[PDB]
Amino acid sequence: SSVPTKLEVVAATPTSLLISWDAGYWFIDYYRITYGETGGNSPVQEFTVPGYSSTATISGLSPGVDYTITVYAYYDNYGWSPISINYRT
């Protein structure tokens, strides 16, 4: 199904969060992380993280707002189906 799996928020504050995920055995070149207010107007914010990482900080959030967070994994021009979760600060 999706790579990575077990995408979860492992710590948070009113304006930030720490997500973590699990690639299992897969070698990954990098991940693309997007995030935006669930049912908001804005385009998503986006950033990339190295393939060896399984953790990332998202900050500059606002208190009490729900975010849809999506992680995409890539290896040598293959992209797996992404995994998403929602989390309210």
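Sequential numbering from 1, following the sequence displayed.
Stretches 54 to 62 and 37 to 45 differ in mean C-alpha B factor, with the higher average recorded for 37 to 45. In the PDB entry, a CA B factor belonging to the middle third of its chain's modelled residues is recorded for residue 86. Among all modelled residues in this chain, the alpha-carbon of residue 23 has a temperature factor (C-alpha) in the highest third. Sort the modelled residues of the chain by CA B factor and residue 77 lands in the highest third.
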